[PDB]
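Chemist: Following this message is one structure expressed as structure tokens.
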Amino acid sequence: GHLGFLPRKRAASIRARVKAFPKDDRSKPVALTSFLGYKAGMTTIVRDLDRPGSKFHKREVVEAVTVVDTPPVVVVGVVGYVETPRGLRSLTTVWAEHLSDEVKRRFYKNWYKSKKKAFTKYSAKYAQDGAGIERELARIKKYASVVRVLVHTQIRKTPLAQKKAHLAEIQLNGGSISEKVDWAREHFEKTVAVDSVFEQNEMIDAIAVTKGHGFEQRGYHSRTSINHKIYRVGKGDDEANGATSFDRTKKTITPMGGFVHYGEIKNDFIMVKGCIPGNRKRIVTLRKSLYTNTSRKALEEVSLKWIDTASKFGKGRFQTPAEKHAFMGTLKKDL
Amino acid sequence: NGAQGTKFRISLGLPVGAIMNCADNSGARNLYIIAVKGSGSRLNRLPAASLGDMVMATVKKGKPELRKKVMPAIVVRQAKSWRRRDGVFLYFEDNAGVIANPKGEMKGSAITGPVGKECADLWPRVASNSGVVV
Amino acid sequence: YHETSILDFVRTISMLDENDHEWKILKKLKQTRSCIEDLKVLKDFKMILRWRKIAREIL
Amino acid sequence: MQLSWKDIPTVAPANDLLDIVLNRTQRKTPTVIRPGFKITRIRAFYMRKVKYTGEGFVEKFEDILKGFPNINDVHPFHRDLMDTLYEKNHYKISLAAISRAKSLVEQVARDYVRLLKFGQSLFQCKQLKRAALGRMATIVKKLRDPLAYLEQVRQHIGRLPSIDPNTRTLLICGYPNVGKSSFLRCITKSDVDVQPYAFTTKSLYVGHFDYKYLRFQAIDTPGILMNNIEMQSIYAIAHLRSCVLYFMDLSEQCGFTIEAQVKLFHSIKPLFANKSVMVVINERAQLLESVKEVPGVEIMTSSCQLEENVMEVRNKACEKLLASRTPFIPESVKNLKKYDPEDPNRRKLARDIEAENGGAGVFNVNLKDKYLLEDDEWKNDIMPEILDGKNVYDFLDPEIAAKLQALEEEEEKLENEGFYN
Amino acid sequence: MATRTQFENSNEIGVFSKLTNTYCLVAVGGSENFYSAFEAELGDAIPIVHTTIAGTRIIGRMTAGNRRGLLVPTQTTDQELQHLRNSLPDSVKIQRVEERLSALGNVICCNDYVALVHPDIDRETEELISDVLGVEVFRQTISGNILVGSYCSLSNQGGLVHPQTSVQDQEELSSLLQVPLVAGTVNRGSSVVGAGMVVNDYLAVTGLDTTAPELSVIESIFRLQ
Amino acid sequence: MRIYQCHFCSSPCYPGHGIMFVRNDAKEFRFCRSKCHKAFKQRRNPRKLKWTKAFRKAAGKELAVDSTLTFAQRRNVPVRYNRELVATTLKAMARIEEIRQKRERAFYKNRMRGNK
RNA sequence: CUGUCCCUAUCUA
RNA sequence: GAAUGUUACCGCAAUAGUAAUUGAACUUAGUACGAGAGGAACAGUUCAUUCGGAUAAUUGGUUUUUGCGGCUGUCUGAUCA
């Protein structure tokens with residue numbers, strides 16, 4: 012067993028809030044420290060191994076990498092945290108005066124019966140001659156010692172049927188807390204690209220709730277996995293995302309017939325080797341190593357050779373419908 | 004001695020008490036596994052060998068000279084499916100092994116039958132006496 | 254490894281070149301070549319036995 | 001072993017050995033009991049502790065006996081060498097003392113264990129155990145002198161040379177103070193200065209050298225003029247199969263006259279006559307004719323202050339001991386200069402490039418820019434090798450343009466006939 | 001004349017590398033001291049190619065060839081073949097061989113004029129070896145030893161047979177090849193002469209453990225000096 | 001990387017997928033899925049299964065031999081890897097794939113025409 | 001020769 | 001699971017527990033040491049045994065998919081089923 016993981020009780024919520032954030036270099040440029048996403052099945056990857064010393068140097072190796080759907084994240088507010096003897100305290104919060112229907116639904120448990128008066132009063136007062144928002148911004152700039160940004164996922168841009176977004180706070184690691192809120196102000200109602208927070212070969216640590224198992269209570273507990281390298285970052289509009297520099301085949305990373313228990317990838321996604329806690333359709337948050345863990349394995353780049361995108365349901369001998377048609381040829385139902 | 008690298012955790016399917024054909028012209032017919040050197044002692048686990056592993060075995064069949072004696076043996080065939088680094092899973096025709104001194108020098112002048120790539124790359128002397136590598 | 258000329262199977269059961285005129289004649293029969305040499309890969315032995323019997327009857 | 005007994009375990013003195021044994025007994029075994037405990041339980045506990053103490057003593061004594069080599073049961077050369085340094089009878093008596101102590105300890109432990117089981121009370125059992133421990137301590141205590149002697153001889157034997165009489169060898173003999181070790185310095189790796197006083201070398205020195213690829217080594221001796235230092239040389243000369251070289255000083259050095267040296271050599275002749283002797287001279303020279311009366315001895319007139327004849331003597335000693374379609378070579382290889390390791394301007398090997406780049410575990414050899422190509426512009430090979438699930442390597446070939454043109458011609462000849470409709 | 005080295009604290013010099021009169025092959029590893037030694041002994045005089053065979057570091061045993069051509073087993077990947085072609089001049093032929101005896105280095109002992117092969121090798125492979133390498137091929141076994149390549153080293157200047165070679169077998173081999181042959185040992189009495197060292201018309205590399213008399217015998221039999 | 005052809009089914013075998021078997025003859029049997037491996041274990045004849053590509057080729061249900069299939073010859077002689085050669089080979093492969101599709105469609109139409 | 005076991009996993013009422 | 005106006009969202013942390021473990025492959029090493037015999041180590045990298053948390057991307061196992069196809073037997077007068 013492992014007494015450190017006890018109690019093995021149910022998680023507080025599906026969204027496992029991040030307990031700790033990486034170091035805060037107050038001189039670096041403002042940037043986000045975490046990103047949201049949804050697990051989308053898994054796939055096999057074969058690539059060369061540029062790793063001196065290892066016997067498999069200059070050799071191809073088969074590996075399994077998970078695929079997480081990461082639609083562009085949109086910022087809706089910021090949180091200012093002051094330092095107190097009883098720990099960090101949130102003194103105030105602000106909003107963008109405009110909230111997508113997803114977050115508005117997130118604030119209601121019975122949406123269709125609700126009057127949808129989520130933020131009408133606050134928005135009306137926001138449209139005054141200031142003095143209500145600038146006051147809070149100045150208060151945060153003065154007293155707050157650390158600033159966190161509130162964002163939500165674009166569920167309506169996801170093939171899932173949840174139709175509800177999840178609020179999450181992300182710490183800002185870069186410039187002084189005044190520069191932090193100044194940068195946040197320019198990003199209210201804006202969207203942050205997935206490739207801006209992470210890049211290829213970068214190591215990340217995932218945090219999510221694992222698959223539940225019911226009475227044995270087992271599963272459905274929060275877990276953290278560290279030292280996961282990013283193999284490739286793609287975009288929904290970037291056709292042939294599964295086309296490596298070698299494969300160069302105009303095929304998307306989405307498996308033939310769609311993912312198992314999941315839809316199709318038509319948005320930005322992050323590819324990282326190994327598995328991640330949780331299952332498909334589970335919301336996952338991504339952190340970056342919590343520290344300078346830049347080992348040789350992290351430092352070395354991973355030049356992808358081929359990406360598996362065959363039919364994950366059952367088995368598969370072809371990666372695209374064109375290959376199946378060419379190999380099988382014409383059929384009775386074709387003509 | 005004999006080894007040329009660090010062990011790779013391939014699938015294990017040859018626990019203690021197993022019998023495998025002696026794939027060499029040393030005259031031995033089969034080798035009986037009594038222990039697996041270098042293995043970990045788990046609770047109630049039977050030490051399990053694999054391709055490229057050095058284990059101690061006794062010649063249960065063959066000429067009387069080799070009978071009743073114990074000498075180190077190197078596994079050349081496992082017959083159990085295992086994951087090679089080159090994607091596809093493979094398994095050999097049947098279990099087989101060779102007898103050699105702890106220094107890796109084979110007792111037989113030449114090995115017969117297919118030889119696992121992992122064992123050949125880990126035991127240079129075995130590859131020297133091998134004629135069919137995979 | 255075991256390798257034997259199945260062409261000489263006429264003179265043989270324990271097991272289970282077109283230059284020679286005998287094999288050319290035996291090939292003219294409606295039988296046969302597709303999988304005769306694939307013994308290890310092959313109940314098909316019955317067809318091989320029937321072909322051997324036919325060859326013996328012819329010769 | 002037989003070469004150098006450096007592996008003998010340290011012989012802890014009586015006080016140290018007893019302390020170690022008692023500490024082991026007190027630590028490993030339990031020591032908590034009560035009068036209310038079962039009588040059989042207390043008896044078993046005390047018996048187990050006594051047996052553990054006895055077993056520890058027996059193990060220590062057995063290890064000491066086994067590690068130490070039995071002088072009588074060793075090679076005669078090594079036997080006599082040890083006898084000269086350590087009196088053989090005294091060493092045997094010391095070993096017998098340890099054996100007797102071990103036997104007494106075993107007998108005491110057995111007798112007390114037999115008696116201990118009958119203890120009717122906790123106090124009686126404790127008294128019996130204390131008596132057994134006192135007996136063991138007294139047996140160990142009496143061994144203080146033999147234990148100290150064993151420790152001293154162990155600490156001295158480890159540094160002894162690993163002489164190999166069976167191997168062909170040469171022995172440097174002669175009078176003391178004749179610079180006999182100077183020849184050793186200039187013929188082997190040994191290091192002993194002239195030290196103009198005679199008895200610099202209180203122990204034999206050995207040095208290795210190779211001639212005609214055959215292994216050889218030289219043994220130095222203090223010299224002869232009835233003492234341990236001189237006595238050990240006699241057995242080395244006799245038992246060893248090595249040839250013996252006699253050193254003589256043809257000068258005022260060492261004070262001994264040439265006549266005295268010649269007379270001494272003749273007097274000791276009956277002992278090394280069969281060793282294929284040689285004489286090196288480090301009216302005066304007329305007496306050398308008498309020395310030459312022995313057919314097997316030469317006269318190497320020399321002076322050990324330099325290498326005037328050491329080079330020739332090295333080969334002479336070894337000789338005396340032994341007496342007892375056409376190929377294709379590319380012009381590039383013949384023209385390329387040899388890689389001079391000491392020259393800083395030598396061609397930089399992969400080792401230098403790796404060192405300039407980093408450690409062996411971080412620098413990766415790049416095969417690009419090394420292999421030849423039609424054009425070096427695209428040296429960064431990025432060969433896809435896959436196209437729509439098809440193996441390009443199965444299609445890569447030159448002059449495929451003609452095949453494609455033929456296929457196009459076939460397509461044209463088939464389309465005009467209306468094959469497809 | 002000859003050189004004594006060790007690869008990754010190993011004495012099987014010939015197992016991890018192959019040497020010819022016009023090219024050399026070495027394994028891949030972080031510690032390139034083997035490559036550094038090869039460059040010191042040969043440098044830019046002849047190409048030095050890093051190439052693995054089916055991912056194995058025993059390329060010296062998996063592949064066999066001469067100055068006129070090189071042979072690789074079926075298990076060799078197409079990428080490895082392409083790299084070999086790029087790194088090797090067109091004057092040396094490269095031809096993949098499909099045979100049961102994949103251990104070409106252990107099954108085929110070949111020099112620039114004559115080669116020995118395992119008798120069980122099929123006729124097609126023997127013909128391919130004769131054509132591509134342009135050398136005579138004869139089925140033979142050194143004193144009953146089946147693995148001629150591992151237990152025999154051949155070169156235009158001479159050849160070294162395993163110590164247990166019968167005198168009659170030595171004379172027969174010398175007559176077949178016409179070059180002098182003398183029984184000997186390498187790696188301080190190692191019976192695998194063809195694995196512990198490599199030799200060409202002008203260069204010989206042996207294990208560091210090789211004794212000085214063994215080095216002298218190797219030089220004399222090959223007429224280095 | 002190599003997209004091997006299954007010994008039994010003749011279908012492509014991408015890396016990782018399928019299983020392999022080693023025979024004493026040094027040949028390797030590649031199976032795209034557990035179905036083919038189990039069928040081979042029972043020693044069933046591939047030429048007697050209605051769904052095996054070998055049976056279809058022998059049965060004549062598909063074009064057994066065509067000019068476009070000669071380009072896929074296993075070439076054991078490597079090439080100097082000229083970029084112009086690479087581009088020409090890629091274009092030729094695409095055109096040959098299109099021509100093979102057209103010829104297969106024509107063959108199917110010829111085999112189908114007549115069902116009056 | 002067998003899931004007694006290495007080492008447990010799965011289905012049914 | 002009521003409770004502190006009600007309802008919902010995002011949060012800090014006093015507190016209780018805690019975890020990783022040991023080995024081996026190579027430059028350094030045939031270097032210091034050493035007559036020889038043998039033969040270190042730091043810094044660096046690469047792997048491994050046991051233990052623990054997860055996943056099914058490939059493979060092994062499992063079928064009231066009963067999903068398909070066949071087989072011994074009988075019934076719907078039989079065949080289709």
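Chains as they are written, first to last, in UniProt numbering: chain A, 12 to 227, 269 to 387; chain B, 4 to 137; chain C, 254 to 265, 269 to 272, 281 to 296, 301 to 310, 313 to 329; chain D, 1 to 225, 232 to 288, 301 to 342, 374 to 470; chain E, 1 to 225; chain F, 1 to 116. Every residue gets a Cβ at the ideal spot worked out from N, C-alpha and C, and that includes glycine.
1) Considering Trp106(A), what are the terminal residues of the beta strand (DSSP E) in which it resides?
2) Starting from the Cα of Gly88(A), find the closest Cα among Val162(A), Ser101(A), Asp140(A) and give me that residue.
3) Just to confirm the assignment, what range does the alpha helix (DSSP H) spanning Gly54(D) have?
4) Can you list, in chain order, the residues of the stretch 73-87 of chain F whose Cβ is nearer than 8 Å to any Cβ on chain E?
5) Would you mind giving the Cβ-Cβ distance between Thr346(A) and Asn184(A), rounded to the nearest angstrom? I have them listed as a contact below 8 Å.
6) Candidates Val192(A), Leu171(A), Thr103(A), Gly294(A): which alpha carbon is nearest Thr304(A)'s?
7) Of all Cβ atoms in chain F, is any one closer than 9 Å to the Cβ of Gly52(A)?
8) Beta strand (DSSP E) containing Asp78(E): first to last residue?
9) Does any C-beta atom of chain F lie closer than 9 Å to the C-beta of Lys308(C)?
10) When you compare the CB of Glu71(A) with every CB in chain F, is at least one pair closer than 9 Å?
11) Compare the beta carbon distance of residue 229(D) and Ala14(D) with 9 Å and say whether it is the shorter of the two.
12) Give the secondary structure of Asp220(D) by DSSP, where H, G and I count as helix, E and B as strand, and everything else as coil.
13) Apply the 10 Å Cβ neighbour rule to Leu69(F) and answer buried if 16 or more other Cβ atoms are within range, or exposed otherwise.
14) Mapping DSSP to helix, strand and coil, what is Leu338(A)?
15) Note down, in chain order, every chain A residue with its Cβ under 8 Å from the Cβ of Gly60(E).
16) Is it buried or exposed for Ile142(E), if we count other Cβ within 10 angstroms and need 16 for buried?
17) Starting from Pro75(B) and walking both ways along the beta strand (DSSP E), at which residues does that stretch end?
18) Enumerate in chain order the residues of its own chain whose CB-to-CB distance from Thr3(E) is below 6 Å, with the five nearest sequence positions on each side excluded.
19) So which residues on chain B does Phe40(F) lean against when the C-beta distance must stay under 8 Å?
20) Write down the C-beta distance between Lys168(A) and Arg116(A) rounded to the nearest angstrom, noting that I regard them as a contact closer than 8 Å.
21) Would you list, in chain order, the members of the stretch 433-447 of chain D that have their beta-carbon closer than 8 Å to a beta-carbon of chain A?
22) For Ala38(B), I'd like the list of residues in its chain whose CB is within less than 8 Å of its CB, leaving aside the five on either flank, ordered along the chain.
23) Do you know how far the Cα of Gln140(E) is from the Cα of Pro119(E)?
24) Could you confirm whether any beta carbon from chain F is found closer than 9 Å to the beta carbon of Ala378(A)?
25) From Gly16(B) to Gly107(B), what does the alpha carbon distance come to, in whole angstroms?
26) Could you check whether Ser31(E) and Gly330(A) sit closer than 9 Å to each other, using their CB atoms as the reference points?
27) Whose Cβ in chain D lies nearer than 8 Å to the Cβ of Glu97(F)?
28) Nearest CA to the CA of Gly143(A): which residue from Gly15(A), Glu108(A), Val160(A), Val312(A)?
29) Since I believe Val73(A) is in contact with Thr55(A) (beta carbons under 8 Å), could you give me their beta-carbon distance rounded to a whole number of angstroms?
30) Tell me where the alpha helix (DSSP H) around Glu147(A) begins and ends.
31) At the 9 Å Cβ level, is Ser297(A) part of the contact set with chain E, yes or no?
32) Taking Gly64(A) as the query, report the chain D residues whose CB atoms sit under 8 Å from its CB, ordered along the chain.
33) With 16 other CB atoms within 10 Å as the buried threshold, where does residue 474(D) fall?
34) Is the beta carbon of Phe95(B) sitting closer than 9 Å to the one on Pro75(B)?
35) Under the rule that 16 or more other beta-carbon atoms within 10 Å means buried, what is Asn429(D), buried or exposed?
36) Determine, using beta carbons only, whether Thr276(A) and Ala217(A) come nearer to each other than 9 Å.
Modeler: If we stick to the structure as given:
1) 100-106
2) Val162(A)
3) 39-67
4) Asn76, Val77, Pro78, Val79, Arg80, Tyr81
5) Their Cβ separation, rounded to whole angstroms, is 16 Å, which puts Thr346(A) and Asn184(A) out of contact at 8 Å.
6) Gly294(A)
7) no
8) It is not in any beta strand (DSSP E) - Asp78(E) instead sits in the alpha helix (DSSP H) that spans 78-87.
9) yes
10) yes
11) Here chain D is numbered 225 followed immediately by 232, so the structure offers no position for residue 229(D).
12) strand
13) exposed
14) strand
15) Residues of chain A passing the Cβ test: none, with the nearest at roughly 16 Å.
16) buried
17) 73-80
18) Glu41, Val205
19) Per Cβ cutoff of 8 Å: no residues; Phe40(F) is ~13 Å from chain B at best.
20) Actually they do not touch by this definition, with Cβ atoms about 15 Å apart.
21) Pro433, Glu434, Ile435, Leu436, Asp437, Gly438
22) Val19, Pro50, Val58, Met59
23) 7 Å
24) yes
25) 23 Å
26) no
27) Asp437, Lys439
28) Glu108(A)
29) 6 Å
30) 144-154
31) no
32) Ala409, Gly410
33) Here chain D covers residues 1 to 470 and nothing more, so residue 474(D) does not appear.
34) no
35) exposed
36) yes
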